[PDB]
Each structure stands twice: as structure tokens, then as C-alpha cells.
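File shown: input.cif. Contents: mmCIF, C-alpha atoms.
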```cif
data_my_file
#
loop_
_atom_site.label_atom_id
_atom_site.label_comp_id
_atom_site.auth_asym_id
_atom_site.auth_seq_id
_atom_site.Cartn_x
_atom_site.Cartn_y
_atom_site.Cartn_z
CA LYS A 112 11.17 39.01 16.74
CA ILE A 113 9.90 35.81 18.40
CA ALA A 114 11.83 32.67 19.38
CA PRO A 115 10.21 29.86 21.38
CA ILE A 116 12.43 27.55 23.44
CA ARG A 117 12.24 23.76 23.70
CA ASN A 118 12.55 21.59 26.82
CA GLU A 119 14.65 18.64 27.96
CA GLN A 120 11.50 16.47 27.84
CA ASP A 121 11.06 17.17 24.09
CA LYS A 122 8.42 19.88 24.38
CA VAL A 123 7.97 23.64 23.98
CA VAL A 124 7.27 25.39 27.29
CA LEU A 125 8.33 29.04 27.03
CA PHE A 126 8.25 31.73 24.37
CA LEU A 127 10.80 34.50 23.88
CA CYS A 128 10.01 37.74 22.07
CA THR A 129 12.60 40.50 21.65
CA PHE A 130 12.02 44.16 20.90
CA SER A 131 13.67 47.15 19.25
CA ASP A 132 12.84 50.69 18.18
CA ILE A 133 13.38 51.99 14.66
CA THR A 134 11.35 55.17 15.02
CA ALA A 135 14.15 57.44 13.80
CA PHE A 136 14.86 55.43 10.62
CA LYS A 137 11.27 54.87 9.43
CA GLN A 138 8.55 56.96 7.81
CA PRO A 139 7.59 59.84 10.14
CA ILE A 140 4.00 59.48 11.35
CA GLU A 141 2.38 61.87 13.83
CA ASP A 142 -1.04 62.08 15.49
CA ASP A 143 -0.99 65.26 17.60
CA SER A 144 2.20 67.28 18.06
CA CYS A 145 3.12 70.92 18.59
CA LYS A 146 5.44 70.90 15.57
CA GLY A 147 6.84 68.48 13.03
CA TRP A 148 10.45 68.95 14.12
CA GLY A 149 9.38 68.67 17.75
CA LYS A 150 7.75 65.31 17.06
CA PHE A 151 10.85 64.27 15.10
CA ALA A 152 13.10 65.17 18.03
CA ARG A 153 10.79 63.32 20.43
CA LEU A 154 10.91 60.20 18.25
CA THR A 155 14.69 60.35 17.80
CA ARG A 156 15.24 60.83 21.54
CA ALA A 157 13.91 57.29 22.11
CA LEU A 158 16.50 55.75 19.74
CA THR A 159 19.42 55.89 22.19
CA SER A 160 20.05 52.13 22.03
CA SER A 161 20.21 52.13 18.23
CA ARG A 162 22.21 55.37 18.12
CA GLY A 163 24.74 53.94 20.59
CA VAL A 164 27.73 51.73 19.81
CA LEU A 165 25.40 49.40 17.89
CA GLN A 166 25.30 51.89 14.99
CA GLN A 167 27.74 54.58 16.15
CA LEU A 168 29.34 54.81 12.69
CA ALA A 169 26.07 55.89 11.02
CA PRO A 170 26.53 59.70 11.35
CA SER A 171 30.06 59.47 9.94
CA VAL A 172 28.77 57.66 6.82
CA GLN A 173 25.79 57.73 4.45
CA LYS A 174 23.31 55.13 3.18
CA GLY A 175 24.12 52.94 6.17
CA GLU A 176 20.64 51.40 6.21
CA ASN A 177 21.97 48.41 4.26
CA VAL A 178 23.94 47.30 7.34
CA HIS A 179 22.04 48.81 10.30
CA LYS A 180 19.27 46.20 10.07
CA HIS A 181 21.82 43.39 9.83
CA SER A 182 23.70 44.75 12.85
CA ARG A 183 20.46 44.98 14.83
CA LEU A 184 19.42 41.44 13.87
CA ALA A 185 22.85 39.94 14.62
CA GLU A 186 22.44 40.40 18.38
CA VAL A 187 18.89 39.00 18.33
CA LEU A 188 19.91 35.95 16.28
CA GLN A 189 22.31 34.84 19.04
CA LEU A 190 19.37 33.99 21.33
CA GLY A 191 19.52 30.38 20.12
CA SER A 192 22.71 29.94 22.14
CA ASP A 193 20.83 30.97 25.29
CA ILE A 194 18.12 28.48 24.29
CA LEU A 195 20.52 25.54 24.69
CA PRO A 196 19.60 24.87 28.38
CA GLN A 197 15.96 24.64 27.20
CA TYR A 198 14.76 25.53 30.72
CA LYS A 199 16.28 22.44 32.29
CA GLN A 200 18.72 21.50 35.06
CA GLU A 201 21.75 21.45 32.79
CA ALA A 202 24.62 19.62 34.46
CA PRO A 203 28.22 20.92 34.20
CA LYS A 204 29.41 18.33 31.68
CA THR A 205 33.15 17.75 31.56
CA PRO A 206 35.02 18.98 28.46
CA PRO A 207 36.37 16.26 26.15
CA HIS A 208 39.79 14.67 26.67
CA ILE A 209 39.82 15.79 30.32
CA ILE A 210 39.31 13.16 33.03
CA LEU A 211 38.18 13.75 36.61
CA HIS A 212 40.86 13.29 39.27
CA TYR A 213 38.54 11.17 41.47
CA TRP B 622 -1.60 44.49 57.41
CA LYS B 623 -4.71 44.71 55.19
CA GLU B 624 -6.09 41.16 55.06
CA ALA B 625 -5.56 40.71 58.83
CA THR B 626 -6.02 36.97 58.37
CA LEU B 627 -4.00 33.92 57.38
CA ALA B 628 -4.52 32.15 54.05
CA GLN B 629 -3.53 28.95 52.27
CA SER B 630 -0.74 28.96 49.70
CA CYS B 631 -2.25 28.36 46.26
CA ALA B 632 0.97 27.44 44.43
CA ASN B 633 4.47 26.08 44.96
CA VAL B 634 7.62 28.18 44.71
CA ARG B 635 10.83 26.39 43.68
CA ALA B 636 14.48 27.42 43.57
CA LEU B 637 16.33 27.70 40.27
CA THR B 638 19.76 29.21 40.99
CA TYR B 639 21.75 29.69 44.19
CA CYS B 640 19.61 32.45 45.70
CA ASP B 641 19.58 34.57 48.85
CA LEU B 642 16.31 35.49 50.57
CA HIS B 643 15.47 38.09 53.22
CA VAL B 644 12.41 36.91 55.15
CA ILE B 645 10.23 38.81 57.64
CA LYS B 646 7.65 37.26 59.95
CA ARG B 647 4.09 38.59 59.91
CA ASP B 648 3.64 39.29 63.63
CA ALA B 649 6.79 41.38 64.04
CA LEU B 650 6.11 43.37 60.87
CA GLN B 651 2.55 44.05 61.98
CA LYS B 652 3.71 45.20 65.42
CA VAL B 653 6.36 47.50 63.94
CA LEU B 654 4.02 49.01 61.35
CA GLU B 655 1.26 49.65 63.89
CA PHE B 656 3.87 51.23 66.16
CA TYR B 657 5.07 53.46 63.28
CA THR B 658 1.76 54.69 61.89
CA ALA B 659 3.35 57.53 59.91
CA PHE B 660 5.72 55.08 58.22
CA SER B 661 2.89 52.64 57.48
CA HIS B 662 0.79 55.32 55.77
CA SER B 663 3.48 55.39 53.05
CA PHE B 664 4.66 51.78 53.30
CA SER B 665 1.21 50.45 52.41
CA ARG B 666 0.91 52.83 49.45
CA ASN B 667 4.42 52.25 48.06
CA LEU B 668 4.86 48.50 48.63
CA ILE B 669 3.41 46.47 45.76
CA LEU B 670 3.77 42.70 45.62
CA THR B 671 5.10 41.05 42.48
CA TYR B 672 2.91 37.98 43.06
CA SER C 520 30.01 28.47 57.79
CA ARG C 521 32.89 26.49 59.38
CA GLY C 522 32.85 26.42 63.18
CA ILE C 523 31.29 29.88 63.58
CA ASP C 524 27.77 30.64 64.81
CA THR C 525 26.34 33.85 63.35
CA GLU C 526 23.71 34.10 66.09
CA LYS C 527 26.30 33.70 68.84
CA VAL C 528 28.54 36.35 67.26
CA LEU C 529 25.53 38.67 67.11
CA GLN C 530 24.54 38.08 70.74
CA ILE C 531 28.13 38.73 71.86
CA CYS C 532 27.94 42.37 70.74
CA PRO C 533 25.78 44.88 72.66
CA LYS C 534 22.46 46.26 71.45
CA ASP C 535 23.80 49.24 69.49
CA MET C 536 26.43 47.22 67.65
CA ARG C 537 23.85 44.48 67.07
CA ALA C 538 21.47 46.94 65.42
CA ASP C 539 24.24 48.47 63.30
CA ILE C 540 25.38 45.01 62.19
CA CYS C 541 21.80 44.11 61.26
CA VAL C 542 21.48 47.31 59.22
CA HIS C 543 24.75 46.55 57.42
CA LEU C 544 23.77 42.93 56.71
CA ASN C 545 20.36 43.92 55.33
CA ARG C 546 21.42 47.21 53.72
CA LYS C 547 20.84 45.84 50.22
CA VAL C 548 17.06 45.62 50.53
CA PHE C 549 16.62 49.04 52.15
CA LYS C 550 18.79 50.94 49.68
CA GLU C 551 17.47 49.21 46.56
CA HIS C 552 13.76 48.72 47.29
CA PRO C 553 11.85 52.02 46.89
CA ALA C 554 9.44 51.08 49.69
CA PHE C 555 12.14 51.80 52.31
CA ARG C 556 13.20 55.21 50.98
CA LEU C 557 10.90 56.94 53.51
CA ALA C 558 12.23 55.01 56.51
CA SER C 559 13.34 56.77 59.66
CA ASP C 560 16.30 55.48 61.64
CA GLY C 561 14.15 54.07 64.44
CA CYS C 562 11.81 52.10 62.20
CA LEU C 563 14.73 51.02 60.02
CA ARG C 564 16.53 49.61 63.06
CA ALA C 565 13.41 48.00 64.54
CA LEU C 566 12.89 46.21 61.22
CA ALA C 567 16.57 45.33 60.73
CA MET C 568 16.66 43.60 64.12
CA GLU C 569 14.20 41.04 62.80
CA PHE C 570 15.17 40.26 59.18
CA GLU D 6 11.00 70.61 35.41
CA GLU D 7 13.72 68.23 36.60
CA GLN D 8 12.77 65.48 34.13
CA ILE D 9 14.36 67.37 31.21
CA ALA D 10 17.85 66.62 32.57
CA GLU D 11 17.92 63.38 30.56
CA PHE D 12 17.87 65.38 27.30
CA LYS D 13 21.59 66.16 27.62
CA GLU D 14 22.61 62.84 26.06
CA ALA D 15 20.11 63.29 23.21
CA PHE D 16 21.41 66.79 22.45
CA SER D 17 25.01 65.54 22.41
CA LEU D 18 24.10 62.65 20.11
CA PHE D 19 22.17 64.92 17.73
CA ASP D 20 24.83 67.66 17.69
CA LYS D 21 27.66 65.69 16.12
CA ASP D 22 29.38 68.93 15.05
CA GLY D 23 30.80 69.49 18.53
CA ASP D 24 30.73 73.29 18.20
CA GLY D 25 27.96 73.77 20.77
CA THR D 26 25.29 74.12 18.08
CA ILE D 27 23.88 72.13 15.18
CA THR D 28 25.90 72.72 12.02
CA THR D 29 24.73 72.42 8.43
CA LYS D 30 27.30 69.68 7.77
CA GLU D 31 26.02 67.66 10.74
CA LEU D 32 22.42 68.07 9.58
CA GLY D 33 23.34 66.94 6.08
CA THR D 34 25.29 63.96 7.43
CA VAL D 35 22.46 62.75 9.67
CA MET D 36 19.96 63.39 6.87
CA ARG D 37 21.96 61.27 4.42
CA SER D 38 22.50 58.56 7.04
CA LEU D 39 18.77 58.32 7.73
CA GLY D 40 18.16 58.34 3.97
CA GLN D 41 15.32 60.82 3.42
CA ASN D 42 15.99 63.80 1.14
CA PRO D 43 13.45 66.61 1.65
CA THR D 44 13.76 70.16 0.36
CA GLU D 45 16.75 72.15 1.58
CA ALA D 46 14.63 75.29 1.97
CA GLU D 47 12.32 73.28 4.23
CA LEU D 48 15.24 72.47 6.53
CA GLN D 49 16.39 76.10 6.39
CA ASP D 50 13.01 77.44 7.50
CA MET D 51 12.63 74.69 10.11
CA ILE D 52 16.00 75.48 11.72
CA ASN D 53 15.30 79.22 11.47
CA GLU D 54 11.96 78.85 13.26
CA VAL D 55 13.34 76.44 15.87
CA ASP D 56 16.43 78.50 16.72
CA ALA D 57 15.72 81.60 18.79
CA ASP D 58 18.77 83.38 17.38
CA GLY D 59 17.93 82.35 13.82
CA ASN D 60 21.56 82.66 12.68
CA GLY D 61 21.89 78.96 11.81
CA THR D 62 22.96 77.95 15.33
CA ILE D 63 20.67 75.79 17.46
CA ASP D 64 20.95 76.29 21.22
CA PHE D 65 19.65 74.36 24.21
CA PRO D 66 16.63 76.66 24.91
CA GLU D 67 15.48 76.30 21.30
CA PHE D 68 14.93 72.56 21.78
CA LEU D 69 13.84 72.98 25.41
CA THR D 70 10.93 75.23 24.42
CA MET D 71 9.70 72.72 21.84
CA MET D 72 10.03 69.86 24.34
CA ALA D 73 8.07 71.81 26.96
CA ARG D 74 5.38 72.70 24.42
CA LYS D 75 5.04 69.07 23.33
CA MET D 76 5.20 67.65 26.87
CA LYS D 77 1.59 68.46 27.90
CA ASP D 78 2.06 67.35 31.49
CA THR D 79 -0.75 66.41 33.86
CA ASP D 80 -2.66 69.14 35.69
CA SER D 81 -1.91 67.75 39.16
CA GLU D 82 1.80 67.38 38.39
CA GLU D 83 1.93 70.93 37.04
CA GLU D 84 0.15 72.26 40.13
CA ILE D 85 2.47 70.44 42.54
CA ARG D 86 5.57 71.53 40.59
CA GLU D 87 4.42 75.16 40.60
CA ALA D 88 3.71 74.95 44.33
CA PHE D 89 7.19 73.54 44.96
CA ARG D 90 8.72 76.29 42.83
CA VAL D 91 6.91 79.01 44.76
CA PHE D 92 7.59 77.61 48.25
CA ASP D 93 11.33 77.11 47.59
CA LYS D 94 12.75 80.63 47.49
CA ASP D 95 16.28 79.31 46.92
CA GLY D 96 15.11 77.04 44.09
CA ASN D 97 17.18 74.10 45.36
CA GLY D 98 14.20 71.74 45.74
CA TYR D 99 14.40 71.79 49.54
CA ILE D 100 11.89 73.08 52.10
CA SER D 101 12.97 74.25 55.56
CA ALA D 102 11.12 75.61 58.57
CA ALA D 103 12.37 79.16 57.97
CA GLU D 104 11.20 79.02 54.35
CA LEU D 105 7.80 77.88 55.63
CA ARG D 106 7.72 80.85 58.01
CA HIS D 107 8.71 83.23 55.21
CA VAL D 108 5.99 81.99 52.85
CA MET D 109 3.41 82.01 55.66
CA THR D 110 4.27 85.62 56.50
CA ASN D 111 4.17 86.60 52.82
CA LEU D 112 0.78 84.96 52.27
CA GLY D 113 -0.57 86.45 55.51
CA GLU D 114 -1.66 83.09 56.96
CA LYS D 115 0.69 83.35 59.91
CA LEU D 116 0.76 80.53 62.45
CA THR D 117 2.46 80.13 65.81
CA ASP D 118 5.94 78.62 65.87
CA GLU D 119 4.60 75.53 67.66
CA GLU D 120 1.94 75.14 64.96
CA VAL D 121 4.53 75.52 62.18
CA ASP D 122 6.78 72.95 63.87
CA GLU D 123 3.85 70.55 64.28
CA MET D 124 3.01 70.92 60.59
CA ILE D 125 6.67 70.24 59.76
CA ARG D 126 6.56 67.08 61.88
CA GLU D 127 3.32 65.98 60.21
CA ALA D 128 4.98 66.41 56.82
CA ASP D 129 8.24 64.92 58.14
CA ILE D 130 8.57 61.15 57.75
CA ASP D 131 12.25 60.39 58.48
CA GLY D 132 12.51 62.64 61.55
CA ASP D 133 15.70 64.56 60.76
CA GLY D 134 14.42 67.99 59.70
CA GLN D 135 13.63 67.80 55.98
CA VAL D 136 10.52 68.07 53.81
CA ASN D 137 10.72 66.17 50.53
CA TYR D 138 8.76 65.75 47.30
CA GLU D 139 6.98 62.50 48.20
CA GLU D 140 6.40 63.72 51.76
CA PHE D 141 4.45 66.75 50.58
CA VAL D 142 2.52 64.87 47.90
CA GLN D 143 1.56 62.18 50.43
CA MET D 144 0.38 64.90 52.81
CA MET D 145 -1.65 66.40 49.97
CA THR D 146 -3.24 63.08 49.01
CA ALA D 147 -5.04 62.77 52.35
CA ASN E 673 11.56 63.33 80.07
CA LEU E 674 12.22 61.51 76.81
CA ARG E 675 8.56 61.69 75.74
CA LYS E 676 8.42 65.47 76.19
CA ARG E 677 10.41 67.53 73.69
CA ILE E 678 11.14 71.24 73.42
CA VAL E 679 10.69 73.60 70.46
CA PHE E 680 13.12 76.40 69.68
CA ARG E 681 14.91 78.43 67.01
CA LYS E 682 18.52 79.01 65.95
CA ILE E 683 20.65 82.15 65.97
CA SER E 684 21.86 81.75 62.39
CA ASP E 685 18.30 81.08 61.20
CA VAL E 686 16.86 84.22 62.79
CA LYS E 687 19.84 86.26 61.58
CA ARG E 688 19.30 85.11 57.99
CA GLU E 689 15.57 85.76 58.37
CA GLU E 690 16.32 89.32 59.47
CA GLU E 691 18.69 89.76 56.53
CA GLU E 692 16.08 88.40 54.10
CA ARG E 693 13.34 90.65 55.48
CA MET E 694 15.60 93.65 54.85
CA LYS E 695 15.63 92.73 51.13
CA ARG E 696 11.85 92.30 50.87
CA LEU E 704 1.64 84.35 47.32
CA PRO E 705 -1.27 86.70 46.44
CA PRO E 706 -2.49 84.15 43.84
CA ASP E 707 -1.72 81.15 46.08
CA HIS E 708 -5.38 80.41 46.83
CA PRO E 709 -5.30 76.55 46.83
CA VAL E 710 -2.37 76.34 49.23
CA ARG E 711 -3.94 79.10 51.33
CA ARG E 712 -7.02 76.88 51.65
CA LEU E 713 -4.63 74.02 52.44
CA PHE E 714 -3.07 76.03 55.27
CA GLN E 715 -6.52 76.99 56.57
CA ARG E 716 -7.62 73.34 56.58
CA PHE E 717 -4.43 72.27 58.36
CA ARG E 718 -4.88 74.98 61.01
CA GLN E 719 -8.54 74.01 61.50
CA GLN E 720 -7.57 70.36 61.91
CA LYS E 721 -4.84 71.30 64.39
CA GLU E 722 -7.30 73.45 66.37
#
```
Take the structure in this file and express it as C-alpha cells.
Amino acid sequence: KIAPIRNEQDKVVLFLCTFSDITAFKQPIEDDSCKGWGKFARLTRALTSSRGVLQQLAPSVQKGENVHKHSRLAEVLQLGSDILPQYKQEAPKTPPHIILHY
Amino acid sequence: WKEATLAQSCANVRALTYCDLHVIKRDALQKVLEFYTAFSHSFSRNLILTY
Amino acid sequence: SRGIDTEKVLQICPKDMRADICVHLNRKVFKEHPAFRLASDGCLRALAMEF
Amino acid sequence: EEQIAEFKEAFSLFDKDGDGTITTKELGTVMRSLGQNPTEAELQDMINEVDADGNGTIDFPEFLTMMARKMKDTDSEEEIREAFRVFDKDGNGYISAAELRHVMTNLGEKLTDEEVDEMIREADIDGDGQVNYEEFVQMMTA
Amino acid sequence: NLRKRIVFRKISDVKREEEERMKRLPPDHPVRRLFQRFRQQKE
């Protein structure tokens, strides 16, 4: 997933591309492996991030694919909040209805 | 230790956040590494610059 | 920094304490950077005196 | 041989049964969660071939053998690992002067104690009396 | 003399070596050649 970021001078300066692995939940494809189950175990061993607390309820349930993709995309979609500074010297603006003591 | 010559900086480096730097001069590092040849034989191979 | 001189405080202590203080102050870079994982005590101290 | 230590987390994640071996219920649960529905006899023969015991219980060596077979490590890494295995009689991954003397006597290429100590110093980089992985490989590179 | 340094052995080390020899490489050709090269260089 890609997400470019704007700039304070009304321009686009930097890109941002995020990554994830879905090897264990996709069609199994192999090129050269000792065994099919060995290749399957090798592929699943790289899915620690997805198998973690992000989708920890998957083994306890079935047909969880309808929500696993949404859960994975929810974290990535938040990157717009980090794009607010837009690679600029953002000043610590005072919150509303609070006045400086000086 | 490999170039054995000074060079011009080709780009500017600017601070972003409040950062802390640990700087070493060239002459003292060269003297220490030539003193410790055994250490340098691994320091040169293991140290890779980011830029 | 207030009214304290780091250099003066360093020079007050003798050579052994100075070297140990330098090692403690710079310990982050030695223990994190893999390039210093083959460093002997003598070379480590001779470098730490300078950083 | 020490790189396989990271497989402990993967084994624990895969073996959701918690009985020390993969259970049929756990396999069915993970199979349904992933979504694919192959033949049950296929899974039966796969788990029978994978498991050394073959009694429906999957142990650590059963997966370790498959991982080692599929690893296909580099020739130089295999050679250096075998050398380290054969020099270290204790198998603790540490090389001492007495172990060097023992292996030199066993191989028949005996050297004087001064020569052995000089070789130890040449391999030694931190000057405290230890010979490490990177020390030996750096000595071998030259 | 700080520059000059002595070589020696330990009592526990030789004792454990004697014990090990009481409880006592043929295919180690590459490392044998390694040892030969090291000895030749040291000579």
C-alpha cells in the first residue's frame, strides 16, 4: 500500500509505501522445496506479525478471512494522521480556549 | 584509513529533531587504528558507512 | 549545563577514573554498534578518551 | 545449527493444542481458519510421513528434519560449522587452549606450547583468553 | 619488563587433560592443511 505525503509549501516531496505478508492465507505456490508441508511450514513461519495479536483470534474461530484483511488495513489506513506534519517544522500550537501566561 | 586524503563535502547535513552526536577526529582515529593493527583488520571489514 | 564544566570535572579525576568515565559516557555506541564488538579493553579505552 | 532456535515461537503458534504435539482438532481449526479444504486422507498421510512416531503426534524433531532438509545452507557456512563442531569437544561453542592441544594431539599435528599460544594470540582479538566465531572466520579469510 | 611476557600452564588444566586422556580428526584434511600453513608461516 502506497501513500505519498504533501508539504507545507503545497507540494508532494516524499512517498510512503507500507508492506505486509499474507503468505499463509493465500494460494500455496512453490518453486523448489523438499516437501509440500515443509514449504508450507516455511511460508507460515514468516507470518509471525499477522499471527500475533493482530489476528490472534483466528485459530479459535473459522472463516475469519472476512475480517483479517480489514484488521490488517486498519493499521495502515492510520498513516494519514502521521502525514499531518507534511515534512515541515510544525510548531507546537496552543490548544483552543487556553491562553499563554506571558 | 583507506582514502588517506581529505575531500570536500558534497552535500549539506541538517538537524531535524533534538539529536545527540558522538564525533571522532580523523588523526586520533588513524593513530589508534595503526597502533592496533589486529583491531583494524576487523574494524575496516565490519564498519560500513550509511552515507 | 548550569555552572558546571564537564571538561574541568573530567580533568579533576585521575587517568583511570577519566578513562572509566569516558567508557561509561560513550558506552551506547560501543555496545550497540556491531563494529565495536571485537574491541579489546586497551583499544576501547584509547578510543573512549577521544570521543 | 544455532539459527534454528527461532523456530520455538513458530512451533508454539502452530501447536495451538498445548499438549506438546499437533492435535487433529488444532489442525482442523487452523485449516478452517485459513479457509482451504483439501482431502482429509491427504492430511492424514502428510502428518504420518512428517511425524517420526507416526501415531498422530508431531514432535520437534519431525519439523526440525524437514527444516534442515529445506535449508540448503552455503558450503562455506556448512564447512565452518562442522569445523566448529569438531573442535569443540564440549559442544558449548567455545574454544580453549587445552581443547586446541587435545585436537592437535588427536590429529597428530602437534606443535610446541609456545607455538600453540602464539596461534591463540593470533586468533585472539580482545586479549582475554577466548576464541570466538568471528575471530576464527576472520583468521580463515586471510 | 612489561613488553616481555611469560607463557605457562595451569594445574587444573593439566589435571583435566590427564583425566580426559584416560578416557580416550582422521578426515580433518582441510584444517590439517590450515595447521601446516600456520606452522610454516610461524617458522
Problem - chain B contacts on chain C, all atoms listed in the file, 12 Å, as number ranges by chain - result: C: 541, 544-549, 552-570
Practice task
Pull out every residue of chain E sitting within 7 Å of chain D, counting only C-alpha atoms, and send them as number ranges by chain.
Solution key: E: 679, 704-705
Env of segment 623-632 of chain B: 10 Å cut, atoms = all atoms listed in the file, seq-sep filter 2 positions within chain, self excluded. Answer as a short mmCIF file (atom, residue, chain, number, x, y, z; two decimals) with C-alpha atoms, in the coordinates of the input.
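Output contents, as saved in out12.cif:
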```cif
data_model
loop_
_atom_site.label_atom_id
_atom_site.label_comp_id
_atom_site.auth_asym_id
_atom_site.auth_seq_id
_atom_site.Cartn_x
_atom_site.Cartn_y
_atom_site.Cartn_z
CA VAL B 634 7.62 28.18 44.71
CA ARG B 635 10.83 26.39 43.68
CA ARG B 647 4.09 38.59 59.91
CA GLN B 651 2.55 44.05 61.98
CA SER B 665 1.21 50.45 52.41
#
```
Per-residue nearest contacts of chain B to chain A (12 Å; only C-alpha atoms) as a Markdown table:
```
| residue | atom | partner | partner_atom | distance |
| --- | --- | --- | --- | --- |
| B:636 | CA | A:200 | CA | 11.2 |
| B:637 | CA | A:200 | CA | 8.4 |
| B:638 | CA | A:200 | CA | 9.8 |
```
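Matched in the shown structure by the PyMOL selection byres ((chain D) within 9 of (chain A)): residues 12, 14, 15, 16, 18, 19, 21, 31, 34, 35, 36, 37, 38, 39, 40, 41, 51, 52, 55, 68, 71, 72, 74 and 75 of chain D.
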Starting from the PyMOL selection byres ((chain D) within 7 of (chain C)), expand the selection into actual residues of this file and give them as a compact mmCIF listing (two decimals) with C-alpha atoms, in the frame of the given file.
```
# COMPACT_ATOMS: atom_id res chain seq x y z
CA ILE D 130 8.57 61.15 57.75
CA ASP D 131 12.25 60.39 58.48
CA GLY D 132 12.51 62.64 61.55
```
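Between atom CA of residue 100 of chain D and atom CA of residue 66 of chain D there is a distance of 27.8 Å.
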Would it be fine to have segment 524-567 of chain C, with C-alpha atoms, given as a CSV table (one decimal), in the first residue's frame?
```csv
chain,number,residue,atom,x,y,z
C,524,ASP,CA,32.2,22.5,33.4
C,525,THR,CA,32.3,18.9,32.1
C,526,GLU,CA,35.9,19.2,31.0
C,527,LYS,CA,37.0,20.5,34.3
C,528,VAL,CA,35.2,17.7,36.2
C,529,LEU,CA,36.9,15.2,33.9
C,530,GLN,CA,40.4,16.7,34.4
C,531,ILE,CA,39.9,16.7,38.2
C,532,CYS,CA,39.7,12.9,38.3
C,533,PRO,CA,42.9,10.8,37.6
C,534,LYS,CA,43.7,8.9,34.4
C,535,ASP,CA,42.0,5.6,35.4
C,536,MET,CA,38.8,7.3,36.6
C,537,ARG,CA,38.9,9.5,33.5
C,538,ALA,CA,39.0,6.5,31.2
C,539,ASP,CA,36.3,4.7,33.0
C,540,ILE,CA,34.1,7.8,32.9
C,541,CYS,CA,34.7,8.1,29.2
C,542,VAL,CA,33.8,4.5,28.6
C,543,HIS,CA,30.6,5.0,30.6
C,544,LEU,CA,29.6,8.2,28.8
C,545,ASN,CA,30.2,6.6,25.3
C,546,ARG,CA,29.0,3.1,26.2
C,547,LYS,CA,26.0,3.4,24.0
C,548,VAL,CA,27.9,3.4,20.7
C,549,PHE,CA,30.2,0.5,21.7
C,550,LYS,CA,27.5,-1.8,22.9
C,551,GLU,CA,25.1,-1.1,20.1
C,552,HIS,CA,27.3,-0.7,17.0
C,553,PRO,CA,28.5,-4.2,15.8
C,554,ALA,CA,31.8,-2.7,14.7
C,555,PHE,CA,33.0,-2.4,18.3
C,556,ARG,CA,32.1,-6.0,19.3
C,557,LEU,CA,35.7,-7.1,18.7
C,558,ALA,CA,37.3,-4.4,20.8
C,559,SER,CA,39.9,-5.1,23.4
C,560,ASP,CA,39.9,-3.1,26.6
C,561,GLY,CA,43.0,-1.1,25.6
C,562,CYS,CA,41.8,0.0,22.2
C,563,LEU,CA,38.3,0.6,23.7
C,564,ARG,CA,39.8,3.0,26.3
C,565,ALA,CA,42.2,4.7,23.9
C,566,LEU,CA,39.2,5.4,21.6
C,567,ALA,CA,36.9,6.4,24.5
```
